[PDB]
Structures are given as structure tokens and as C-alpha cells.
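Following: one structure in C-alpha cells, then a few remarks.
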4 protein chains.
Amino acid sequence: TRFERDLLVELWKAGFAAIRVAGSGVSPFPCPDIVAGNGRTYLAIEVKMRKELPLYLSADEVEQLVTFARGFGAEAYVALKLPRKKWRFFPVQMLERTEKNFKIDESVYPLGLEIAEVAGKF
Amino acid sequence: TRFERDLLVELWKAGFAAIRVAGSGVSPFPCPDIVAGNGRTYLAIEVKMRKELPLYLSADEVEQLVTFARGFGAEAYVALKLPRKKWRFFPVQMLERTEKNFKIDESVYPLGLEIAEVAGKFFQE
Amino acid sequence: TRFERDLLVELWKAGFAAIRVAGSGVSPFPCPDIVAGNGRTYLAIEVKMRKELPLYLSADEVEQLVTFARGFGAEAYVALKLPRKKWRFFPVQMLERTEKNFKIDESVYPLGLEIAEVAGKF
Amino acid sequence: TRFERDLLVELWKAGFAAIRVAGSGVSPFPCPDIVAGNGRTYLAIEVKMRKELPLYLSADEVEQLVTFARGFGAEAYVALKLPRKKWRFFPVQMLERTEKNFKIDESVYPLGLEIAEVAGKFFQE
DNA sequence: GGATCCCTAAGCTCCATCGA
DNA sequence: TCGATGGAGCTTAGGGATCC
DNA sequence: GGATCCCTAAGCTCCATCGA
DNA sequence: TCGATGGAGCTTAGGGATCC
């Protein structure tokens, strides 16, 4: 919450029109935490922060995001913020599947994209 | 607020993936009341409900939108809900200007788009 | 709606503390249209009115009522009002099952209870 | 109204089948704010939320309840929600009277029942 | 630390002003 | 400074403080 | 007929009075 | 009697009227 704000910041710097969503869960429809675009690229974002790794994500959590992202016309991304470390971005494709869910461990965080890679990637 | 809710639904019903911008202005940036995409069409929407025409809009409010829309990659629209009428969507280009603000009056309102025509304005072509 | 009021009336006459429910469907939980009791007997009621017969009821409609009735500690009843005719009461047990739903036709209405039978029945 | 909603849930969570009386008074009769049953226990509930004790109740309001409760076949209770405290259930018999009204004050409040104790007051015995 | 919560600031439609 | 009675506003939301 | 809708009346907690 | 601008209330609900 105190994070989203400055992530939007990081985001406006990268040349992204960012916005937050007013009441994520609310309606029977899915919702990301942030939706940002820049003309060529669109992004649905699940915003996460943790003291340490790994980051866990229920299949249903990811399911929702991808559904919105897909149906809206944007890219499923998870923003992970670790203490004093800068935001890394993980496309759902990149998430480690588990026995039945998802996660990001030491062996995955490395691949995350700094916000800039994400933009100039297209 | 009752209709940001209402409209929002109408959009989903219309195959659009819509969202209410967290604080139509609480954010430290220019913001729309609603943002909707659907794969081909993207909307920066300013949501208004009046009891009767005209509807005046601050030139501020407008640049605010166009700037955002021009920047996000969306078409800037004004959605206007009039009593016992359906929602009406107006591209900003359609807004007639007063001395130094804008307006939708009885001359413009009729030309607003139902939501379908908005999504299906993409198929032209 | 204009009916419930006077049915409550019919009900207060029969010596029933009746009440209406504020927003039937509302919550994820089931709701009758009226809940009335008199010390010995309790009643969950689906209030229906029709110009003519038969009365149709989805399995899910009845399902809800019975669930509330059962879990509350009352009796599943359907109040049927026909034009100029007095209210008849049908316990769910009494409803005609169809291919997959429920209903009340000419051959069933007859069995309905006038509000008084329902009270002094216990 | 926010808490009639709230409480109502707490009851369901507590295995009670509860309902909000359509118009806590709009009906042409004496009515409770809430009615809940669960097969063994039946509640005629007057719902109040104060910011701090005491809570005064019109002797009217009370007979209204007892009469209904005595008539429906339910135990008449007052549910009182105090800030940052859980709901508290008070049988009418527990209400101390002022000169010609009633009250729950700092002497009574402590003795209110959590909801469980209400449902489990049935098992005594 | 976490949750509740209290409260202050702002936001939206309407009304009336002000003006035409 | 409480103790009980008789009279008016009613939004949404984000932050600091507070109880626990 | 049906739906929306506009609007007026009432309801609840709080505050201040009034009183102690 | 409109035409555009600058300033305040904000509840819930049931019924008559109104548009369609």
C-alpha cells in the first residue's frame, strides 16, 4: 500500500501511464493491483513485497491475474519488492510451478527484469 | 459512485475488462474515472452523471484525460449518464468548447455512442 | 410486495408473530420472504401470487427455502395467492415434483391449507 | 446499518440462521432489528451501537420487543456493539431501569454474553 | 506488530448565483 | 463533571493514533 | 404494463441541552 | 428565461408519478 505509490513512481519514470485499482477483489470479476501502459505495451500487475524469499502464489491468485491480463489485452506481471532491493518484474510464464501452485525462490529472482528491461523489451 | 459501479458492470457485460482507477484523483498524477481494455480497444474514461444537459467540463479535467490517454495508449472518452437514458460515450474530439471550457449540450448529446458502437468502432475498419 | 403486507395481516390474525425479510437474496445465505412463529410453530415462507395456475418453482428456489427453514428451525411453506381467492399454504413435501423442478397445478391447489389449518395443525 | 449487516454475519458464522426484519419498524407492527433461530435457540434481537456507555432504551422500545418475543417464541435480547469490542448480547431481564426507562451501563456491560454463550446457554441444560 | 478506528480532507452533483 | 433526558446529520478514503 | 426514478418521511447515533 | 460560471450536502425506503 505504501509501496504501490512509489512503484507507480518507478513506473511513471519508465514512461508508463500507471494506475491503481480501487478495490482489488471487490466485484465477481478479477483485478490486478496496477494497470499500466505506454502506447506499445500494457501491463496487469500483482504487487508483492516480502522480507525474504521465496514468494508464494496460489494457482487461483495467478489464475485471476492472467484472466484479467488476457481479456484486457495486457501482460501478466508480478512485481516483487525485496528490502532495499529494487523492484524486479516476473512474467507469469517465468513463475516456478510447484506441486500445485506457484513461487519465486533464490533460483528465480535473478531472472526478474528491472523495470526498464520490461519497457524497452518490446 | 453508484454509477461508476453501474457503468463498470455495463462495460464488463460488453466484453470489456474495466477497472476503477484507485482514487479518480487521489493519486499524485492525472487520472481517469475508469480504464477499460478488451484486446483491440482501450478506453480512458471520465465518468459523469447529470440530471439534465448541459454538462460542463473544465478544460483542465480534459487535458488531464487526453494527456493520460495520449500517454497510456487509450482513447479518451467522456461517459455521461442521463436519467432514464442509457450511458453515452463521447470521444473528447466531440466535445464542443465554451469560451474557455468544454460542454456536452442538447446538440452534442444525441451523437454520443452506445457502448457497443464504441467497441465496434474498431471494426471500421 | 403489496401482498406481503396483508399476508402478514392474515398471519397476525392466526396468532402468528410475522416479519418480512429486508433484502431476500442479498447475502450469500438463503432467505424466505416471511418468517413467522407463535410459540409452538415456526415458518419460513416463499410468498407467491399468480393470475392463474400452475405455480412453478425452480429446484434452486425450493432448495434455498428448505435450507433456511431446516437450519433455522422452522417449516418450509409456500404461500400462494390467487385472485380474489384466499391464501393457501403448501408445505414443500406437498409440492409436485416435475421432470426436474417443482410446481402447483389444479390437482394440487385443493390440498393447500387455509392459514388456520396450518396453525391449529400442531 | 453497517453493523446490523456486520452482526448478522457473526450470527451466521455462529451457526445461527438470522434475518434482518424488513424495516426495523416500517411494518405496521412491533418489530426487532434482527431475528435468528438455529433449531434450539430463538432470538428477538434489538441491535444497538454506541460509542461509549451508557446505552439508554425507551421502555417503549423494550415492551415492543418482549411482547414480540413473548409472542413469536423467541428470547428477547439487546445486542450492543461498543468500539473495538466484540458484540455483546444482553437478555432483557438483565437491563437495569432508570426512573422510567432502561439502560446498560458500566455495571451491566461486563455481564453481557458473547454470542457463543448465547447459543450454548441452551446447554444448561 | 497488527487491527480497529477516528477524523480530516477532498470529491461529485446540484443549486444559485452571477451574467447574458 | 456526570446522569438522564430532548434535539440534528447522514459522502468516501487515507494516516496517525490508539488499544491490544 | 413495466421500469426508472424522484422525493418525502422516518430512523439511528450522536451532541447538547437540560438536570442533577 | 436561459448560459455559463462559482458555491454546499452527502442516510434508507416505500409510493406516486412518470416516461416508455
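All residue names refer to the C-alpha cells as shown: chains lettered A, B, ... in order, residues numbered from 1 in each chain, ligands numbered from 1 in order.
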Checklist line | Which of chain D fall in alpha helix (DSSP H), as a PyMOL selection string | finding: chain D and resi 2-13+59-72+115-119
Export C-alpha atoms of the chosen residues as a compact mmCIF listing (two decimals), in the first residue's frame?
```txt
# COMPACT_ATOMS: atom_id res chain seq x y z
CA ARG D 2 -23.25 -1.15 8.81
CA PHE D 3 -23.40 -3.38 11.86
CA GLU D 4 -26.84 -4.87 11.51
CA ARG D 5 -25.00 -6.18 8.46
CA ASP D 6 -21.88 -6.99 10.47
CA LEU D 7 -23.61 -8.70 13.44
CA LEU D 8 -25.93 -10.63 11.13
CA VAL D 9 -22.82 -12.26 9.69
CA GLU D 10 -21.44 -13.02 13.15
CA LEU D 11 -24.65 -14.90 13.84
CA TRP D 12 -24.44 -16.99 10.69
CA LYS D 13 -20.80 -17.60 11.49
CA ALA D 59 -39.42 1.47 27.99
CA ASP D 60 -41.47 1.52 24.82
CA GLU D 61 -38.74 0.01 22.67
CA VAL D 62 -38.48 -2.73 25.33
CA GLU D 63 -42.09 -3.82 25.76
CA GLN D 64 -42.14 -3.71 21.97
CA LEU D 65 -39.52 -6.44 21.99
CA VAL D 66 -40.66 -8.60 24.92
CA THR D 67 -44.19 -8.51 23.57
CA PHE D 68 -42.96 -9.65 20.18
CA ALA D 69 -40.56 -12.17 21.66
CA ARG D 70 -43.17 -13.44 24.12
CA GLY D 71 -45.43 -13.80 21.10
CA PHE D 72 -43.20 -15.24 18.40
CA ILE D 115 -22.65 -14.94 21.10
CA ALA D 116 -21.46 -18.50 21.79
CA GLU D 117 -22.57 -18.33 25.41
CA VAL D 118 -25.91 -17.29 23.95
CA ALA D 119 -26.26 -20.36 21.73
```
Notebook entry, point to check: Running DSSP on the backbone, which parts of range 6-122 of chain A land in strand (DSSP E), as a ChimeraX atom specification?
Noted result: /A:17-20,34-37,42-49,55-57,75-81,88-91,96-97,102-104,113-114
Note to self: as a list in words, please: the residues near range 5-18 of chain G (cut-off 10 Å, only C-alpha atoms (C1' of nucleotides), same-chain neighbours under 6 positions excluded).
What the structure shows: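 After dropping sequence-adjacent residues, the list is residues 83 and 84 of chain B; 1, 23, 24, 25, 26, 48, 49, 50 and 51 of chain D; 4, 5, 6, 7, 8, 9 and 10 of chain F; 11, 12, 13, 14, 15, 16, 17, 18 and 19 of chain H.
Across the model, the gap from CA of residue 119 in chain A to CA of residue 69 in chain A is 16.6 Å.
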Test item: residues at most 8 Å from residue 73 in chain A, only C-alpha atoms (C1' of nucleotides), excluding those fewer than 5 positions along its chain, as a PDB file with N, CA and C atoms, in the first residue's frame:
```
ATOM      1  N   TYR A  42       1.148  -2.996 -22.577  1.00  0.00           N
ATOM      2  CA  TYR A  42       0.179  -2.919 -21.485  1.00  0.00           C
ATOM      3  C   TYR A  42       0.491  -3.943 -20.405  1.00  0.00           C
TER       4      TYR A  42
ATOM      5  N   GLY B  37      -9.969  -2.103 -21.198  1.00  0.00           N
ATOM      6  CA  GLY B  37      -9.392  -2.630 -22.418  1.00  0.00           C
ATOM      7  C   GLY B  37     -10.174  -3.869 -22.788  1.00  0.00           C
ATOM      8  N   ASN B  38      -9.955  -4.393 -23.991  1.00  0.00           N
ATOM      9  CA  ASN B  38     -10.630  -5.614 -24.434  1.00  0.00           C
ATOM     10  C   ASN B  38      -9.861  -6.304 -25.547  1.00  0.00           C
ATOM     11  N   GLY B  39      -8.583  -5.956 -25.676  1.00  0.00           N
ATOM     12  CA  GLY B  39      -7.715  -6.582 -26.657  1.00  0.00           C
ATOM     13  C   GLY B  39      -7.484  -5.753 -27.910  1.00  0.00           C
ATOM     14  N   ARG B  40      -8.476  -4.958 -28.288  1.00  0.00           N
ATOM     15  CA  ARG B  40      -8.375  -4.182 -29.509  1.00  0.00           C
ATOM     16  C   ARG B  40      -8.682  -2.723 -29.241  1.00  0.00           C
TER      17      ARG B  40
END
```
Next item on the list: Enumerate as number ranges by chain the residues belonging to chain C that approach chain H to within 12 Å, with only C-alpha atoms (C1' of nucleotides) taken into account.
Entry: C: 1-2, 22-23
Margin query: Can you pull out the residues contacting range 87-95 of chain D? Cut-off 9 Å, using only C-alpha atoms (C1' of nucleotides), and skip same-chain residues under 5 positions away; I want them as an MDAnalysis selection string.
Written below: chainID D and resid 7 10 45 49 62 65:66 75:82 102:104 108:115 118
Next item on the list: Select residues of chain B: the criterion is any atom within 10 Å of an atom of chain H, counting only C-alpha atoms (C1' of nucleotides); output as a PyMOL selection string.
Entry: chain B and resi 54+56+84+98-99+101
Based on the selection just made, write N, CA, C and O atoms of those residues as a PDB file, in the first residue's frame.
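Written output follows (part-v3.pdb):
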```
ATOM      1  N   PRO B  54     -27.039  21.081 -19.911  1.00  0.00           N
ATOM      2  CA  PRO B  54     -25.729  20.648 -20.410  1.00  0.00           C
ATOM      3  C   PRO B  54     -24.820  20.068 -19.324  1.00  0.00           C
ATOM      4  O   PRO B  54     -25.109  20.139 -18.130  1.00  0.00           O
ATOM      5  N   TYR B  56     -20.967  20.675 -18.230  1.00  0.00           N
ATOM      6  CA  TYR B  56     -19.743  21.433 -18.458  1.00  0.00           C
ATOM      7  C   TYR B  56     -18.531  20.686 -17.907  1.00  0.00           C
ATOM      8  O   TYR B  56     -18.628  20.000 -16.885  1.00  0.00           O
ATOM      9  N   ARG B  84     -32.945   7.932 -16.796  1.00  0.00           N
ATOM     10  CA  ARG B  84     -33.812   7.137 -17.669  1.00  0.00           C
ATOM     11  C   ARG B  84     -33.307   7.001 -19.106  1.00  0.00           C
ATOM     12  O   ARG B  84     -34.066   6.623 -19.997  1.00  0.00           O
ATOM     13  N   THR B  98     -16.875  25.853 -24.672  1.00  0.00           N
ATOM     14  CA  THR B  98     -17.433  27.142 -24.282  1.00  0.00           C
ATOM     15  C   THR B  98     -16.304  28.159 -24.414  1.00  0.00           C
ATOM     16  O   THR B  98     -15.268  27.845 -24.993  1.00  0.00           O
ATOM     17  N   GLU B  99     -16.485  29.369 -23.894  1.00  0.00           N
ATOM     18  CA  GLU B  99     -15.445  30.380 -24.051  1.00  0.00           C
ATOM     19  C   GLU B  99     -14.047  29.844 -23.740  1.00  0.00           C
ATOM     20  O   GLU B  99     -13.118  30.056 -24.518  1.00  0.00           O
ATOM     21  N   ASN B 101     -13.900  26.624 -21.516  1.00  0.00           N
ATOM     22  CA  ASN B 101     -14.090  25.266 -21.029  1.00  0.00           C
ATOM     23  C   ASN B 101     -14.755  24.461 -22.133  1.00  0.00           C
ATOM     24  O   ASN B 101     -14.848  24.930 -23.263  1.00  0.00           O
TER      25      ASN B 101
END
```
Notebook entry, point to check: Suppose you want the space between CA of residue 72 in chain C and CA of residue 17 in chain D; what is it in Å?
Noted result: 4.8 Å
